[PDB]
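Okay, structure first, notes after.
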Amino acid sequence: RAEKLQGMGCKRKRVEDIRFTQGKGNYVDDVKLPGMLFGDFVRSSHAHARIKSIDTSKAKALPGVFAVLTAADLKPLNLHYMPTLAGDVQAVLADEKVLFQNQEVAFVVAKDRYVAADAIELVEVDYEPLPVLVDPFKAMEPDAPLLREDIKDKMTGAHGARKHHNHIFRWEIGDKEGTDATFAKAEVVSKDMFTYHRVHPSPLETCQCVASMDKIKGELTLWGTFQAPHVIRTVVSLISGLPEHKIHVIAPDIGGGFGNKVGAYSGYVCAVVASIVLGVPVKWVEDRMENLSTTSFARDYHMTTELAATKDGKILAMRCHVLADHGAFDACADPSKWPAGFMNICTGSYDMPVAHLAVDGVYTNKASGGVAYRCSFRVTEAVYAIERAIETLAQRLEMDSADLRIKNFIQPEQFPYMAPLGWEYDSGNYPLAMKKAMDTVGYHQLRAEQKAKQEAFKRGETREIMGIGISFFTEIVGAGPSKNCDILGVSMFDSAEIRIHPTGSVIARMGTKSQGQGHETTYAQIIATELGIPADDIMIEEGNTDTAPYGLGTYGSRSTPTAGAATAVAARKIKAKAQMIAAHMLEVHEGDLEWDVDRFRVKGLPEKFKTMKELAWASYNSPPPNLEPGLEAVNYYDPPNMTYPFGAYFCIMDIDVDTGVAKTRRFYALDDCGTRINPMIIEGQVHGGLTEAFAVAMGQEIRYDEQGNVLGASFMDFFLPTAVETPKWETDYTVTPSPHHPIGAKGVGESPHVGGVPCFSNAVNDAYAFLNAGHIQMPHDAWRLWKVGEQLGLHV
Amino acid sequence: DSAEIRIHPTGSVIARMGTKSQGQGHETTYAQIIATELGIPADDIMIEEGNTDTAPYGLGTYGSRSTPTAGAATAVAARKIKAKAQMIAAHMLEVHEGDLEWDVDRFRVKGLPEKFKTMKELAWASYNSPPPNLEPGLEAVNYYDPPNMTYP
Amino acid sequence: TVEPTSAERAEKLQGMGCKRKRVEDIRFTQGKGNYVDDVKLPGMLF
Amino acid sequence: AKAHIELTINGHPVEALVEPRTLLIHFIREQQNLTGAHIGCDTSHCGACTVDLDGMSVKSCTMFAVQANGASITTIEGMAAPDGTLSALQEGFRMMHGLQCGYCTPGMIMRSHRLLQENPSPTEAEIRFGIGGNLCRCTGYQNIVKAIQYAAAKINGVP
Amino acid sequence: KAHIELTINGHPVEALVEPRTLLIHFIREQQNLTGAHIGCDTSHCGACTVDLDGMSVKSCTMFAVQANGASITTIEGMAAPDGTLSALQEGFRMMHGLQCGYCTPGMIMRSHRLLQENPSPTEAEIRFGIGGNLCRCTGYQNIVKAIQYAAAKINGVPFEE
Amino acid sequence: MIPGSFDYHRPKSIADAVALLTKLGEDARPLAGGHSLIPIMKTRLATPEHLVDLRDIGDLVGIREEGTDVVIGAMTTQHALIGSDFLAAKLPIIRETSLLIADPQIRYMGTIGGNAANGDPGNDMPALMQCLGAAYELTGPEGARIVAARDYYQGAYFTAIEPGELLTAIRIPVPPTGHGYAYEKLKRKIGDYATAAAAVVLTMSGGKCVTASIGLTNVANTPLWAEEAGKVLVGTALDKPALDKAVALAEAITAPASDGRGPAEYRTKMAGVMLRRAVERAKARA
Ligand SMILES: Cc1cc2nc3c(=O)[nH]c(=O)nc-3n(C[C@H](O)[C@H](O)[C@H](O)COP(=O)(O)OP(=O)(O)OC[C@H]3O[C@@H](n4cnc5c(N)ncnc54)[C@H](O)[C@@H]3O)c2cc1C
Ligand SMILES: Nc1ccn([C@@H]2O[C@H](COP(=O)(O)OP(=O)(O)OC[C@H]3Oc4nc5nc(N)nc(O)c5nc4C(S)=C3S)[C@@H](O)[C@H]2O)c(=O)n1
Ligand code: FES
Ligand code: FES
Ligand code: FES
Ligand code: FES
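From first to last, the protein sequence lines stand for chains A, B, C, D, E and F. Those letters in the first sequence? Residues 14 to 809, by the UniProt record's numbering. Those letters in the second sequence? Residues 507 to 658, by the UniProt record's numbering. Those letters in the third sequence? Residues 6 to 51, by the UniProt record's numbering. Those letters in the fourth sequence? Residues 2 to 160, by the UniProt record's numbering. Those letters in the fifth sequence? Residues 3 to 163, by the UniProt record's numbering. Those letters in the sixth sequence? Residues 1 to 286, by the UniProt record's numbering.
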C-alpha cells in the first residue's frame, strides 16, 4: 500500500505527461467540430485614428468567407464593447476610432484560417490619424489627446473620479500624513524612479477558442484558453443573455497561460457572436505577433519609490507613487476593489512603521493588460520596488544590502504580521532563510571576491565586473477572502468536489484550471494523504463548467491556497462520514475510532478496523440507516487570508563592460511555500519562473515608438531564452507552513518570477554600483549595458 | 438513488440524477420538482443523467423507481438548497430564519412582505456575498435510501 | 409583469403538477437526439 | 490546382492534395489530424512544430507540405513503440519532469530524438545547444536536459 | 463504388456509395443525418422513414443507389431556416407525441407526407395513415393528437377534437 | 503566418530552373531551404506568384576542392557545411560560422547559397564570403558569370544577381595551411542575426601578419569587406596599435541599423570589438 499511495510530499510523476509526451493533449486548436469555421481579425495599422470607413465588400465576396463582422454588427447586441475585469470596457471591434496598433477592426469568418487570412487582406480601412499618446508621463498633460471618447464625458470610472480624460484611476493606501512626516525628518531619504518595463507573458500557445452555438438547443459551447472558465461562463451569460446552464465552457489542456489567459479577448466574443449568427462553430486562434501586441501585457509601472531611513539603516517608511500605463482600455485583471492589484505589498519583507502608496493609471495608445506574467496582482512590481529600493538605499547608506535586509526583516515571532499597507502576512522565517541562502552561496566571500575584482578593474586587469543580486521577497498569493477579493462581484473562493466510487476510486474536480502546473497530479496527492487512497486511484478534472464546481480559476498562485484547501476540506468531510460509517460497522462510538493512514481503528483494539476502501463500499452496500448512502463531498473554500510564501534569491552576474554582455555565474533560489505537496513540481515551477525572470530582467520588452508602432512584438526580438541562454538554477527551500491553510501549503508558482527579476536586476545594478551608474532601468541587455558603460567612460 | 443540484451565480441550475431516462421525461419532470422546491423556473434548470463521470451514483431507471427514489432525492437535495437559501436570506434581511416565510420563489419577512429575497437574489448572494458562516455557492446532493416502496 | 402575483410566479415555474411541455422534444423532433448508434469516433470499428 | 503529395508519416503512407502554400505544420495538424505538433510562433523561432523529416529536425511551420512530398516524417505520435511503450525520450521527459504545459513537448522530443542520433552521448552544453531551436516557457530547460540525459542512458543501455 | 448525386434537405449531395449500402446507412453513416433511425430488420417499424420524391419511404428498405437523383427530406430538413419548428414538430411537442424520441423522426416524416396526402384527416385516417410507423412509448393516442394539431395549424382551422 | 497563394515548381536541372525563372519573371522566386523566404512569405512581405524549388537539383549540393578553390554548391546546407571534415581541414572558418547561424532545425534546411543570395545583411555567410574573397557563380539565361562576393551586395535584398539567374556555387580560395581564422558574432540569443559579427582570416610569418582579410556582418545594409582594416594589419605584430588602426578603419565603414539589437553607435563599436576578438583568435590559430 505504501508504494502506491503517492500522497503529499511525494515527487509523484505527472499523470498529464502520459498524454502530453505522446501528442494526445487536447488543446483548443486541436478541436475540430463539424462545420467549424475560422475567424480572425482585420487589425488596425494605426495606433490612434478615426475609422472613416471599413470596406468589407471585397472580403465578403471572397469565396469561402461566411461573415465579416464590424462594430456595426455588434452594437445592436451591445457587444461592440465588452466589460473588463477592471470595470472598464474594451472595444471588441473598433467603432469610431482605433486606439492601439493591431486593435481589432473586423472579424472575418471563413472556411479556414488560410482563406480568413486572405480575406483580411482585402478589407480596406480608411483612417483619419489622431495624435498618438504613448508616453504615460504625458498622458495627463493639458494637450494630451482624448483617447477614450466613449467614456469622455464620464469623469468617474470604475475606481473613482478621473481628473483628466486619460486618467483611469487614482488609488491610494497607507498613512499619508504619517509617511510624509517621517520623510520630512528622516536622516536619509532614498528615492529612485524604477520602471518595470512592459513585457508580455507570451505563453507558447496563444489565445484561442472554439465557439459553438447550437441553435437548435439554444446552447453555447465554448472551448477556450481560459484560466478561469467559470468566470468566463458567467460573463458570457451576462453579456450574451444566454443563461449559464446553457453555456458550456470548456478549458481543455492549455499550453501555458502565465496570466495571458485570464480575461476575455475580442476573439472570444467575436467567435461567439459569429457562431450565434451562423449557427456553426467558429474557431479563432491568434498568431504570435497578435498575441504579443494585443493581449495582456505585463508590468509598465513607473515607480517613484522612496525609503526613509536612519543612517544606521533602520527603515522608517516607504513612500511610493506609481504611474501605471494601462494602454487604451483598462483591462487590467484584478479583484474589483484593487485597481493596482496588491501593489500595497510593496513594503516587502521588512518591518516598517508606516508607508504610503499612490497609483495613477493612465490610458495610452497601447494594448491593454498589466496584470499578467506571474505578477500575483502587481506583486512583481511591489517586490521590484522594494528590493531595488533596498539596494539603492544600501548604496546611499554605504551598507551591505544583505545586512540592511537582516536589520529590517520582519521576525518570525511577528507573524501574523500586519504590514503598513494593510496585508497581514501569515507566517515567515526570513532570517533563517536569508542565512541559509547567504551561507550556501558564500556571500561574504563573494563580496570580498567582488571587491578584489573591482580593484582589478580599476587597475586595468579585467574588463569584467561582478554583481551580486539579492532578492528577499514576500509574496501574497491565494486571492482571496470574500470580504475584499472578488472578480466582478464573485467572491474569490475556490472549490473541490470529491466522489468516491463503490470500489474505492475517486473522481474529483476543482474550480481552478491548470495550464501546466500539475494540478491533475498534485490535487490527487492531497486526497491520497487525507483518505489513504492511492493517488492513481483518483481522477482530477478541471475546466468544464458543467462539471467542475464553480471556481475562480488559476492565477495569482491561488490554486493551492484555494482549491487545494477546498480539496483537503472536502476530503475531510468524506473522512468524517467514513468515520461514522466505521462506527456503525464496528458498533462503536465515533469517538472510539482513530484514523490510521487508510483505516479507522478502534482505540485500544487496533485489530478492529475498517479501511477506507471497505468504508467506501459500505457506503453503497450497507449504508448506515442514519446516513445517506454514498461517499462524497464538496467544499467551497473562502480563504480566511492570503498565503505569503517567501524566498531568498541570490545571483552572481559577471558583465563584460565592453560589450554589455552579462553572464549569470550562479543563481540560487530558496523558496518557502509552506508544506510542499510535490517537490518535483515545485522545482519545475521555479525553474520556469526563474527563466522568465531572467528574460524580463535581461532582455524582454514590448515597446512603442512615437507613432504608436508596437516594437519588438515577435520572437524576432522578444527575448525568450533558449536552453543555451538559460542559466542553471540552484534551488533550495525552507518550510514555514501557512497556519490557516488546511494542509499548510502556500502558493508558489509566481514566486520565482516575483523574486527573480529583482534578483537579476539587482545583480546588474550591483555590478556597476562601484562605478556609480545609479539605477539602471531594465532590461539589462547588452546594448543597454554597453550604454551604461559608455556613459561611465569605460570605453575610452 | 440520487440527485445533485447546483445553482449558478445568475440563478440557473444544473442538476443530475442517478437514474436514466429512456423517454420517461425526466429531463422535464425532475426540473419541475426542483422548480417548485426552489422557485426557479423549470426552464432555468438543466437536468442530466447517464454520464457516470458526472451524475451522482444511482441505481438506474427501472421498477418505476425514478420518482420514488431520485425524485425523492431531487426534492431532498432541493430542500437542502432551500434551507441554505433561507439562511442566506435571514442573513441578508437581518432577521431570524423563523421570521421568514416562503412565497413561491422568495423569502419574505413575516408581516413585512416588502422585505424579501428571491431565490435568484440568494443564488447570486451565495457567490457574491456569502454569509461568513456559510460556504459560498448554492448546491446540494442527496442520496435517498427509501423507507419503503410506493404502492400506486 | 414586473411584479407578478404569487399565482403568476408559480405558473411561470412550470413546476409540480404542470403539464410542462418536454425539453427533450426540441432535439428529438429535429433528429438531434444522440443515441448510441449516432456516435462516431475516430478509428471506430464495428 | 492543388498538388498531390505522397509521403510517409509515422511509418504509414499518406497521400493528399494540398495547396502549395499549405504549411507542413497545418497539413500535419489540420489534414492529418496529428495534433501533437504545435504552433508557437509565426517567425520560425520556437520549434514547437518540429518534426523529424528525412533524418532531419525540421520546423514544419517553415516548410510547405509540398516540399515534404516523398519525405518520411515522424511526429510525436510516432515515437511510442507499436506495443504502446514510451520511447526513452518520452519516458525521460516524464521521469525527469521535462514538461509542464506540454505544448513544447512534442517538438522538444522530436528534436531530441534527432539530437541523440546525431550524438548519442551529449554533454549538457551539447544538449542545450542541440535544442537551441526549441523554446519552452514552462520548464526553464533544466529538466529537459535531465530528460535527454536520462533517455540517452536508457538508449545506451539497450543494445 | 457508385457515384450518386441527389438533394437532401434542399442541398445538393454528391457521393460515392457501395450499391449494397442501405439508404438509411448512407443517410446516417455517410451524410451524418442521424435523426432517422433503425428499429427493425424486417421493414415494419418505419423509424427510418424519409420523404423521398414526394413519398414516404422506409430507407432501410432501399439502397442509396436507388435514390440517385432523388430529393429527400429527413427530419433535419423539417424545421424552418429561421428556427421555427414545423407544424408537425410543434404538434408532437404540444401534444406529447413522443417520449424516447426514437420513432419521432420517422413519424414526423411520415406525417409530413400524410398531411400532404390528406390535409384534413379523420382520426381513423390518421391511425391508418401512420400504420407503417411503430411507437413503443406513446400508445399512439398523442401522436394522433399531434398530427391533428399540425393539420389544424397548417389549415388555419381545426377539424376533429 | 499565412502566405499568399502561389504555384510550386520542381525543376530537375539548373537549366530548367533558370528557364523557369526567366520565363516566369520577377513573380517567381527560387526556393532553397526556405528559411528566409518562407518566413517573409508568411508575413506577406514577399508574395511571389511562383516558387521554384531547387530541391531536385543534385548538382547544387556538394563540396569539392578544385584547383586553389573549394567550390560549394548553393544548395549545400549549413548542417552539411558543419559536417564536412574536409571543409573543416581547408576552411575551418566555415564550420565555425555556420554553427553561429540559426539553430539546428534551420541549419538542416538553410543553404549556403540561400544565405549568400538572400541579401539580408543579417545573414552571416555574406561577409564571411567577402572575407574569404569568394566568388559567386551565377548561371542565367545569358550563361554563367562570376560575381565576387565583395561586389555582390548593394543593399537590403539588393544584390548583383540578374533576372533568371541562380547562384549555383560559391568558389572560395583556400587559405594557406596554418592560416588563422575566426568568426566572432555578437547576438541577443541563439538564432538571432548579429548585433555585429566579424570574419577574419590571416596568416603570419616571423611574428608578423602577412595577409589579413576582414568581413563585417550586419553593420550596414550590406555585408562589408573591411579592406583598409585588413591592410593595416599586414606587416604588423597584430598588437594593440595595429588592432586599434584596424578597428578604426572597420568602424569607419559601418552604418548599422538602429533596432532591437541596439542603436547604430553601439553596433559600430561592436563591429570593432568583434573584429578585435576575431583577430585575436585568428592570430592564436595562425
Ligand atoms: C529563426 C531564424 C533564425 C535565423 N538566424 C540566422 C542567422 O543567425 N544567421 C544567418 O546567416 N541566417 C539566419 N537565418 C536565415 C537562414 O540561414 C536562411 O536559411 C538563409 O537566410 C536563407 O537560405 P535558405 O536556403 O533557407 O534560402 P531561401 O529562404 O530558400 O531563399 C532566400 C532567398 O534567396 C533566394 N535564393 C535561394 N537560393 C538561391 C540561389 N541558389 N540562387 C538565387 N537565389 C536564391 C530566394 O529566392 C530568396 O530570395 C535564420 C532563419 C530563421 C528562420
Ligand atoms: N505548497 C505547494 C505549492 C504548490 N505546489 C504545487 O505547485 C503547483 C503550482 O501551485 P500554485 O503555486 O498553487 O500555483 P497555481 O497552480 O495556481 O498556478 C498559477 C501560477 O502558475 C505559474 N506557473 C505556470 N507554470 C506552467 N507550466 N504554466 C503556467 O501557465 C504557469 N503560470 C504561472 C502563473 S502566471 C501562475 S498565476 C501545483 O501543482 C501545486 O500542487 C506544491 O507542490 N506545494
Ligand atoms: S511554430 Fe514553427 S518554429 Fe514556432
Ligand atoms: S512544457 Fe510548456 S512550453 Fe514547454
Ligand atoms: S428500420 Fe426501417 S422499417 Fe424498421
Ligand atoms: S417515442 Fe419512443 S418509440 Fe415512439
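Beta carbons are placed, not taken as given, at the ideal position from N, Cα and C, and that holds for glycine.
- Give the DSSP-derived three-state secondary structure of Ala-780/A in the structure shown. Locating residue 780/A in the first sequence gives position 767, counting from the first residue. Three-state result, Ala-780/A: helix.
- Message: For ligand 6, I want to know if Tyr-650/A counts as a neighbour, meaning its beta carbon is within less than 6 Å of at least one of the ligand's heavy atoms.
- Response: Along the first sequence, read from residue 1 onward, the residue named residue 650/A stands at position 637. Answer for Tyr-650/A: no, Cβ out of range of ligand 6.
- Sort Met-129/F, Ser-258/F, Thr-211/F and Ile-161/F by Cα distance to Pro-223/F and report the nearest one. The sequence position of residue 223/F within the sixth sequence is 223, counting from 1. Looking at the Cα atoms, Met-129/F is the closest of the given residues.
- Message: Can you give me the C-alpha to C-alpha distance between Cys-139/D and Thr-106/D, rounded to a whole angstrom?
- Response: Here residue 139/D refers to the residue found at position 138 when the fourth sequence is read from its first residue. Here residue 106/D refers to the residue found at position 105 when the fourth sequence is read from its first residue. If I take the Cα positions, the gap works out to 10 Å.
- Query: Are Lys-590/B and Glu-555/B close, meaning C-beta to C-beta below 7 Å?
  - Reply: By one-based count along the second sequence, residue 590/B stands at place 84. By one-based count along the second sequence, residue 555/B stands at place 49. For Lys-590/B and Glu-555/B, no; Cβs fall outside 7 Å.
- Message: On a Cα-Cα basis, can you pick out the residue from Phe-51/A, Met-598/A and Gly-617/A that is closest to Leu-628/A?
- Response: Within the first sequence, the letter at position 615 stands for residue 628/A. Of the candidates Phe-51/A, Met-598/A and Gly-617/A, the one whose C-alpha sits nearest the C-alpha of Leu-628/A is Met-598/A.
- Message: Below 8 Å on C-beta distance, what does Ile-229/A contact in chain C?
- Response: Translated into the one-based positions of the first sequence, residue 229/A becomes position 216. By Cβ distance, chain C contributes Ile-31, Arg-32, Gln-35 and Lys-37.
- Item | Residues of the stretch 527 to 556 of chain B whose Cβ lies closer than 9 Å to any Cβ of chain E, in chain order | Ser-527, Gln-528, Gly-529, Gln-530 and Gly-531
- Query: Less than 6 Å between the CB of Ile-190/F and some heavy atom of ligand 1, yes or no?
  - Reply: The residue given as residue 190/F occupies position 190 in the sixth sequence. False, no ligand heavy atom lies under 6 Å from that Cβ.
- If you run the structure through DSSP and keep just helix, strand and coil, what is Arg-716/A? Residue numbering aside, residue 716/A sits at position 703 when the first sequence is read from its first letter. Strand, per DSSP.
- With 7 Å as the threshold, decide whether the Cβ of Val-610/B is near any Cβ in chain C. On the second sequence, position 104 is the one that residue 610/B refers to. Answer yes: the Cβ-Cβ gap between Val-610/B and chain C drops below 7 Å somewhere.
- Residues that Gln-143/D contacts on chain A, provided the C-beta gap is smaller than 8 Å: Residue 143/D sits at position 142 when you count from the first residue of the fourth sequence. Going along chain A in sequence order, the residues near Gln-143/D (Cβ under 8 Å) are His-700, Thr-739, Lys-741 and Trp-742.
- Kindly indicate the opening and closing residues of the alpha helix (DSSP H) around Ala-80/F. Working through the sixth sequence from its first residue, we reach residue 80/F at position 80. Residues 78 to 83.
- Query: Cβ-heavy atom distance between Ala-66/E and ligand 5 below 6 Å?
  - Reply: Numbered from its first residue, the fifth sequence carries residue 66/E at position 64. Because no heavy atom of ligand 5 lies under 6 Å away, the Cβ of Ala-66/E does not count as near it: no.
- Query: Is the beta carbon of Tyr-650/A sitting closer than 7 Å to the one on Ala-537/A?
  - Reply: Against the first sequence, residue 650/A aligns to sequence position 637. Against the first sequence, residue 537/A aligns to sequence position 524. Contact flag unset, no.
- Query: Which residues does DSSP pair with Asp-131/A in a beta bridge?
  - Reply: The residue you call residue 131/A lines up with position 118 of the first sequence. Beta-bridge pairing links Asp-131/A to no other residue.
- Message: According to DSSP, is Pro-96/A part of a helix, a strand, or is it coil?
- Response: Mapped onto the first sequence, residue 96/A falls at position 83. DSSP places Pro-96/A in strand when its eight states are reduced to three.
- Message: As a quick exercise: from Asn-691/A, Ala-726/A and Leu-75/A, pick the residue whose alpha carbon is nearest that of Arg-27/A.
- Response: For the purposes of this step, residue 27/A is identified with residue 14 of the first sequence, where counting begins at 1. Here the closest residue by C-alpha is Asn-691/A.
- Measure the C-alpha to C-alpha separation of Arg-678/A and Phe-659/A and round it to an integer number of angstroms. Position 665 of the first sequence holds residue 678/A. Position 646 of the first sequence holds residue 659/A. Spanning the two alpha carbons is a distance of roughly 23 Å.
- Task: Flag this pair as yes or no: are the beta carbons of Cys-772/A and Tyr-662/A separated by less than 7 Å?
- Result: The residue labelled residue 772/A in the question sits at position 759 within the first sequence. The residue labelled residue 662/A in the question sits at position 649 within the first sequence. Contact annotation: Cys-772/A and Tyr-662/A have beta-carbon atoms nearer than 7 Å.
- Message: As a quick exercise: from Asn-221/F, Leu-216/F and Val-18/F, pick the residue whose alpha carbon is nearest that of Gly-230/F.
- Response: In the sixth sequence, counting from the first residue as 1, residue 230/F sits at position 230. The shortest C-alpha separation from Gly-230/F is found at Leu-216/F.
- Between the Cα of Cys-283/A and the Cα atoms of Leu-703/A, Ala-341/A and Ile-252/A, which residue gives the shortest distance? Counted from its first residue, the first sequence places residue 283/A at position 270. Among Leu-703/A, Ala-341/A and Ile-252/A, the Cα nearest to that of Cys-283/A is on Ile-252/A.
- Message: Need the endpoints of the alpha helix (DSSP H) that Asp-86/A sits in, please.
- Response: Looking up residue 86/A in the first sequence gives position 73. First-last of the alpha helix (DSSP H) with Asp-86/A: 84 to 87.
- Report the neighbours of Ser-5/F on chain D: residues whose CB is nearer than 7 Å to its CB, in chain order. As a working mapping, residue 5/F is identified with position 5 in the sixth sequence. Correct list: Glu-20 and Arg-22.
- Task: Would you kindly report the start and end of the unbroken beta strand (DSSP E) that includes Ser-45/D?
- Result: Working through the fourth sequence from its first residue, we reach residue 45/D at position 44. Where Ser-45/D is concerned, there is no enclosing beta strand (DSSP E), given that its DSSP letter is neither H nor E.
- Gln-118/D to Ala-38/D, Cα distance in whole Å? The residue you call residue 118/D lines up with position 117 of the fourth sequence. The residue you call residue 38/D lines up with position 37 of the fourth sequence. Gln-118/D and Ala-38/D: Cα-Cα distance of roughly 20 Å.
- Message: Rounded to whole angstroms, what is the Cα-Cα separation between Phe-120/A and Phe-28/E?
- Response: In the first sequence, counting from the first residue as 1, residue 120/A sits at position 107. In the fifth sequence, counting from the first residue as 1, residue 28/E sits at position 26. Cα to Cα, the separation comes out at about 37 Å.
- Message: Need the endpoints of the beta strand (DSSP E) that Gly-143/F sits in, please.
- Response: The count along the sixth sequence starts at 1 and reaches residue 143/F at position 143. It spans 143 to 148 - the beta strand (DSSP E) in which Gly-143/F sits, taken as one unbroken run.
- Sequence-distant residues of its chain with Cβ nearer than 7 Å to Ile-513/B (five each side left out): Within the second sequence, numbered from 1, the residue matching residue 513/B stands at position 7. Within the same chain, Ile-513/B has close Cβ partners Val-519, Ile-587, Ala-629, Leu-644 and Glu-645.
- Message: Short of 7 Å Cβ to Cβ, which residues in the stretch 172 to 194 of chain F face chain A?
- Response: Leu-186, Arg-188, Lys-189 and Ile-190
- For the stretch 101 to 124 of chain F, which residues have a CB atom closer than 9 Å to at least one CB atom of chain D, in sequence order? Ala-102, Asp-103, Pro-104, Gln-105, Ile-106, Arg-107, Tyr-108 and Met-109
- Query: Considering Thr-97/F, what are the terminal residues of the alpha helix (DSSP H) in which it resides?
  - Reply: Mapped onto the sixth sequence, residue 97/F falls at position 97. Taken as a continuous stretch (DSSP letters only), the alpha helix (DSSP H) holding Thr-97/F covers 92 to 98.
- Query: Closest to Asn-639/A by CA distance: which of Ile-594/A, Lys-420/A, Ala-521/A and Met-655/A is it?
  - Reply: Taking the first residue of the first sequence as 1, we reach residue 639/A at position 626. Among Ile-594/A, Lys-420/A, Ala-521/A and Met-655/A, the Cα nearest to that of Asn-639/A belongs to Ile-594/A.
- Neighbour flag for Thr-624/B against chain A, beta carbons, 7 Å: Mapped onto the second sequence, residue 624/B falls at position 118. Residue contact with chain A for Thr-624/B: absent (no Cβ-Cβ distance below 7 Å to any residue of chain A).
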